[PDB]
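Student: Sharing a structure below in structure tokens format, with a few things to ask.
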RNA sequence: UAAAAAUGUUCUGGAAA
RNA sequence: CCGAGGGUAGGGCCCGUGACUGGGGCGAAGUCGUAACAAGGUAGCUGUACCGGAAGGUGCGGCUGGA
RNA sequence: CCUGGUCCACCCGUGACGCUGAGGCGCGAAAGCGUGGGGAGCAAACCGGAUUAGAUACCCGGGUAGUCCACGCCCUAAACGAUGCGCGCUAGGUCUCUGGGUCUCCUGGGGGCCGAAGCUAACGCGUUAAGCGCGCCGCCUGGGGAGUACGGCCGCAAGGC
RNA sequence: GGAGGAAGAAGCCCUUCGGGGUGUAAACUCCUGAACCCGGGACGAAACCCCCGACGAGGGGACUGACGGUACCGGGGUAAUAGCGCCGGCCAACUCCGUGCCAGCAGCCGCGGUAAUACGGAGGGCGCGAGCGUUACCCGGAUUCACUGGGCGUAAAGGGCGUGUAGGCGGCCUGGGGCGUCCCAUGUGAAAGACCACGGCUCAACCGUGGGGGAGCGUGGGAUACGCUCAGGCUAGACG
RNA sequence: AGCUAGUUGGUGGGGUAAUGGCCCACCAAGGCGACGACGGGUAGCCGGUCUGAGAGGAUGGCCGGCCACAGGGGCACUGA
């Protein structure tokens, strides 16, 4: 466009949209699972992913994913939302953080334990 | 902290013989002299044309591992080595030679590098009068590095100080063998340091 | 130094006051192009002797009233109803940019 | 003889009644790190075959580079296809600031210090060729003058 | 009605140089001659000369090329490789003496219009003046 | 340029290479 | 005299919510057909208008991105 | 009969009076709407016949708006060269409409095709540029949601922006 | 912790059951001495004030340390923590077993349906280390709002077409003005920060001293090519 | 997308350390707006900070300068 047309209209900044409204960007956000079920994934893949539907301190009720194998969440377990989406679950855009509040670490995990609560076993 | 662990395990892997142990690593068994291959379970099979990245990694590790300098310092010192007016190639290599303990090792005193460090961490080493114990201490021109007195009579300092009779020091250092002194006449040169390292790569590895 | 601006006279239905239209040009802060722009000042006319289409200088002055902070320094040219029409015409069009 | 260094090998396919039938592409760059490089793209039914072939043409598509202390006389922005490449001279010590494809060439040409930037389509082949035109078009104060004599 | 005499002139040169024309005609302007004088001194053209086409004042620029070449396409190398108008009416460009551009590491030239005359980058720099940046040629 | 000629449906999800 | 605030009344902007309702996106293996892609079996697309469970059909004009 | 654009020739007059153009205003195929008029042929809708598993279609027989005129609305399109307006510059060959010529052919304006240089992702474009340049305007920033909703303006409505 | 230390213990893992790996790693030998112990122990504090000289200049005198019995120094002195991520490609790093579109992974492309370098464990490896990963947000990469530095026949993109308001832009010659513009001088541009040089804490991080930038805008002076403005002259655009 | 009654200007007053519609009578009808007035949203500004080849982009916590506020709100007294 003509310089004159830039002088008049000028350019336009992009403005990025957040993939995670956990308000204040808040690295995380606390909440309570009001529904803790298992959804069937998107396509290529088949499975029974375990997802909790949690009510938040942001004033939002979102559905999040419970990473790892085997979890201990019930209809009222307080939980810490982390934000990180799941490709197959059309709805889930956040990950429940293992090892915080009612969320138990992953029993017997031995690799990447840091990413799953699961403390550290004593070589005993 | 400064690795500490299987080192003549890197004489291997980098495939470019290393003497981080000194005496032995200098013998007919640098570990290297029996396995010119990397460790692990595989270690002796066809090797994919290492990526343009890999080469640089290996070049860097070659160097950094060759001092014991832990990355943080290594890469840090590298940056200083950048702004400083001049070729990063010389400079850096030079700033790696200015490492107190290093010079210690560079001027007999200690059989090897890892050993020269401890000598520093115990006082045994001394500079232009007052003593020093920071392996990171950076030597400057006209400064001699002297052993302490409490040591001079130590079984180790002996044998190690003996290996000097006959052998000459690097073209930028002197040495009062009987009076354990020797100065640092000037920052070493690319050629003087005959290192199995291709600095120009180690440099490219920090671009990305 | 008191700021001295040169502009044309558009309007003067005020008592002892005359609105002046000062033009200026400058490089665009990002795109270079030199561009005009304008402002109107309410210069004081105690003598009541300057009128429409009068290119006059305007000097900074101790506040004479709200808005009026300039006095007419000196006439620079008379008769320029041409410059005034442009202004006038621009204000006229506005009456079509409504909803 | 020269250095030789491939930039990329690749496998393409054409179809037939019985399904797809393959073929290989070797884009090889060869030089002496002191003024002479050449690029060549070979095609064959076996990788080995293609890379040898790409090496052959390689020496045939040569080009004198006016190296000057390890760098290029001036700066050029050559476009090829929708692939643009920019070469800007550097000071000693800088090194080669380019991508894999252009570096391979510049490095075998003997260039030691150079600022580079790929713009537009970064297609390997196309950038690679856009780099050779670029090097091919450089001049030195010397041949600029033998141009505007009098 | 032609909106940029100079721009046009630069273009007419470009156009014929690229089709190995012996000379090209361009409408006469005192300011334009200046440019041309510089284009001739720094050696880009063989020379210009006020002439008259159909009763009107024109400038005949004489192009200069390189020697014939080998292989396919023997079309000679070009003396005027590049020639781009910098300051145009749609956006003028003025440069301080410190701000003066260096064209092609030195193997090229920019042409400024200063209060001291239409001079080149070197001439402008030496004279410590700056100005409107007419064009650049390499 | 001017431009005739066929009544008749459908094939679960992944993966092929 | 002015005046924080309070009080009656009526406008404006925005947010939440509402029986029921409109269409939308998404969702391994549901139902009906068969509009389009090869004169895709009535060349296709198109603005409009009427019509039809549904794709869509027909009218009028236009396009070739059809012969 | 009234009237618009436009081109050639003579170079006679004016003497930069120019280009472009947000808004505004005007025009704007077909269908569609409001009065009234008109209505042969054609023909959405609609009713038959036939085809078909079905046939709200294709084919056949009928047929009302409409198509036609006037006045006023509507303001959309594959409104297309899917290519904004103007000016300068950059090989030719050929066919063609219209003007002037010292009517071999030249020269001006227009309509085509092939192609220098150059451009393009390619296809292709190429003095009727999609080439090389300057001026001004419009417009584009991944697909769907959607030219949808809310708001506003417009319209009788349909809807348009 | 350092230096020695096996054609190489055991255990664990692979195996074409010869063997290969973890690995000089350990054990083992000497050697240094983080911690801790005893003794000593700061700088930061020199004037207010007092005395001689006038309560001036100058000289001398006395009080005062929260941090601290800390830093630091002397002597003595024990082998004295290691973890986290990752190893399909991008991207450094591969094998065995388990599972069998399950359980699970996943930043993008995608891994799993009975031989999975992709899930989970192990061995092994790579990276970084008192750290190592994860989430959120900013810039980069993104010439992906393109001033530098992009586009619109078919990929998103020419307005249905005119006329025209504001605006933008404007041919050739000359002269006056000197707003744009360019040049010199000068005022301003605090400090810290940043950069460089050199110094002070054993180094560094911190820290001090010095040095150098700076457009912008004010003031005074000057230039006049180009743009602008007034004026005169022209005819190649345009109109008649 | 239009906004404005202390609204825009005047004269004479009150007021103040002082200019001024800051406030007041009286008079005149003005002022402002697509160069975006009025309105809605968000926000303390800067030195700088992060990023960038650069032009830019993002940001304004510590330290330094200016502003503003002191439970929400109005007002004055003392006084340089």
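All residue numbers given for chain B refer to Swiss-Prot; the residues shown span 2-209 in order.
According to its header, this structure was worked out by X-ray crystallography, 3.1 Å.
The backbone N, Cα and C atoms fix where each Cβ goes, and this holds for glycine too.
According to Swiss-Prot, the protein carries these features:
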BINDING   B:9, B:12, B:26, B:31  Zn(2+) binding site
DOMAIN    B:99-161  domain 'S4 RNA-binding'
Student: Just to confirm: which same-chain residues, 6+ apart in sequence, have a Cβ under 8 Å from the Cβ of residue B:12 (Zn(2+) binding site)?
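Tutor: When sequence neighbours closer than 6 are ignored, residue B:12 (Zn(2+) binding site) has B:18, B:19, B:20, B:21, B:26, B:31, B:32, B:33 within Cβ distance under 8 Å.
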Student: Just jot down the residues in the same chain as residue B:9 (Zn(2+) binding site), at least 6 apart in sequence, with C-beta under 8 A of its C-beta; none if empty.
Tutor: B:19, B:21, B:22, B:25, B:26, B:31, B:32, B:33
Student: Under DSSP, is residue B:12 (Zn(2+) binding site) helix, strand or coil?
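Tutor: It is coil.
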Student: What is the number of other Cβ atoms found within 10 Å of the Cβ of residue B:26 (Zn(2+) binding site)?
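Tutor: So the Cβ neighbour count for residue B:26 (Zn(2+) binding site) comes to 20.
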Student: So, by DSSP, how many helix, strand and coil residues make up the domain 'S4 RNA-binding' (B:99-161)?
Tutor: 25 helix, 10 strand, 28 coil
Student: DSSP secondary structure for residue B:31 (Zn(2+) binding site), reduced to helix/strand/coil, please.
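Tutor: Residue B:31 (Zn(2+) binding site) sits in coil per DSSP, no helix or strand.
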Student: Within 10 Å of the Cβ of residue B:31 (Zn(2+) binding site), how many other Cβ atoms can be counted across all chains shown?
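Tutor: Excluding its own Cβ, the number within 10 Å is 19.
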Student: State the three-class DSSP label for residue B:26 (Zn(2+) binding site), counting H, G and I as helix, E and B as strand, and everything else as coil.
Tutor: helix
